[PDB]
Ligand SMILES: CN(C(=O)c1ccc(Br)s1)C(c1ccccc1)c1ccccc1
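Take a look at this single chain in structure tokens; it is the form deposited without this ligand.
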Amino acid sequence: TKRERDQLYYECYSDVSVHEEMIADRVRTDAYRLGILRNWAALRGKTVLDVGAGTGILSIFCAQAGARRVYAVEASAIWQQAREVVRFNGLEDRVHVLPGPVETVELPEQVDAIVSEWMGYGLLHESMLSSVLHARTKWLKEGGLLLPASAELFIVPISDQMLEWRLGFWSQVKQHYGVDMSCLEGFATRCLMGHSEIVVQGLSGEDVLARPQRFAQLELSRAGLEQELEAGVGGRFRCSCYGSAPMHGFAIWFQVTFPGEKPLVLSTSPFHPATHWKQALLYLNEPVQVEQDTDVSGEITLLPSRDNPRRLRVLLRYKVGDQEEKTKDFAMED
């Protein structure tokens, strides 16, 4: 039920831990600070809607860039901590915390700018972008500023170092304890790779087996986008492996772009500094060995789950070299 699903979802954000995690994410939090301060021209003297203000930090960054008024809308009980932070920084007169969903809140005026940190695992887990787009339609003036303004999604075949050690563990028992358990490699593979869950795990550049491929671009200003999101977003990809590796499946990640000076990009690439998002891993049922110039192709759609519209679903089709086309349907882990 909606009532139950919202209450359960907002329960997460009424607790300190996820906000500690988000603000401790320097890459994420510095990116928004600099994205905002670099848009001082467009914000100074202007009104801002912060969609999902949480502890209020981004609304305060907007005030510090010289916005005349900032509506900090927060649906979870954390709105009380945002009010306390705004009062505590002496900005009660410039930042107004409004409890409740952005979909139903009443702003006194339309706004010149929206700022929101709406991105989930795999970019679209939690489906918060719908709330930002709802706010854009209803509260942003024609021509108004969107922070960030766009998002891009990337895919690449990976060999996951940590998964490889966990799979290989059972073959090393004999050397450690004088019992041969190498026969549980099959079992370990079914348990760790044969599930249909998206796995959130940080990779390094060494886990990446080809040139990453962009499979989608979301321009938040593009009319049509709400409908695209419920249809599902994605496309085809093609790439060539660098070398011999046990391929475990694919990583997807995203970046978002603030307008500038010059445009600031917040990346969640494994080639770039770690963020709380890590990457979203799509494991094959078992490893497939690949080689220099092995062709990996397929097609991916990100769409909301039927039973929970905040639950990211990934439909993957893929071909590794001369192995036949396969299909796998993933849902975000609990």
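The first residue of the shown sequence is 1; numbering continues from there. Here, rigid core means the biggest group of C-alpha atoms that superpose within 1.5 Å across both forms. Residues that one form lacks are left out of the comparison.
Omitted from view is the form solved in complex with this ligand, to which the following refers.
Asker: Just superimpose the C-alphas near the binding site, carry this ligand over as positioned in the deposited bound form, and say whether the shown chain is open or blocked by the 2.4 Å backbone or C-beta rule (3+ atoms for blocked).
Answerer: With this ligand superposed from its pose in the deposited bound form, the site reads as blocked.
Asker: Going by heavy atom distances of 4.5 angstroms or less, which of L153, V95, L140, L264 would be at the interface with this ligand in the deposited bound form?
Answerer: Of the candidates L153, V95, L140, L264, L153 is the one lying within 4.5 Å of this ligand in the deposited bound form.
Asker: Heavy atom within 4.5 Å of this ligand in the deposited bound form: which of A31, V290, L302, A65 fits that? Just give me the one.
Answerer: Only one listed residue qualifies here, and that residue is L302.
Asker: Answer yes if any heavy atom of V314 is within 4.5 Å of a heavy atom of this ligand in the deposited bound form; otherwise answer no.
Answerer: Taking the distances in the deposited bound form, the answer for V314 is yes, it comes within 4.5 Å of this ligand.
Asker: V70: heavy atom within 4.5 Å of this ligand in the deposited bound form?
Answerer: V70: no, not in contact with this ligand in the deposited bound form.
Asker: Though only this chain appears here, would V48 touch this ligand in the deposited bound form if you measure heavy atom gaps against 4.5 Å?
Answerer: Answer no; every heavy atom of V48 is more than 4.5 Å from this ligand in the deposited bound form.
Asker: Does this ligand come within 4.5 Å of any heavy atom of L145 in the deposited bound form?
Answerer: No, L145 sits far enough from this ligand in the deposited bound form that none of its heavy atoms falls within 4.5 Å.
Asker: Can you check 206 to 214, 186 to 194, 106 to 114, 228 to 236 and let me know which stretch has heavy atoms within 4.5 Å of this ligand in the deposited bound form?
Answerer: Contact-bearing stretch, as computed: 228 to 236.
Asker: For the heavy atom contacts within 4.5 Å of this ligand in the deposited bound form, list the residues of 239 to 270 involved, in sequence order.
Answerer: Heavy-atom contacts to this ligand in the deposited bound form: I252, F254.
Asker: Superposing on the rigid core, which residue among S76, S127, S159, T189 shifts its Cα by at least 2 Å between the shown form and the other one?
Answerer: The answer here is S127.
Asker: Specify closer or farther for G122 and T294: how their Cα atoms are spaced in the deposited bound form versus the shown form, given a shift of 3 angstroms or more.
Answerer: Result: farther.
Asker: What happens to the Cα distance from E299 to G122 in the deposited bound form: does it get closer or farther than here, with a change of 3 angstroms or more?
Answerer: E299 and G122 sit farther apart in the deposited bound form.
Asker: Where the Cα shift reaches 2 Å or more for at least three residues in a row, which ranges qualify between the shown form and the other one on a rigid core fit?
Answerer: Shifted runs of three or more residues, which all move 2 Å or more: 11 to 14, 121 to 127, 309 to 313.
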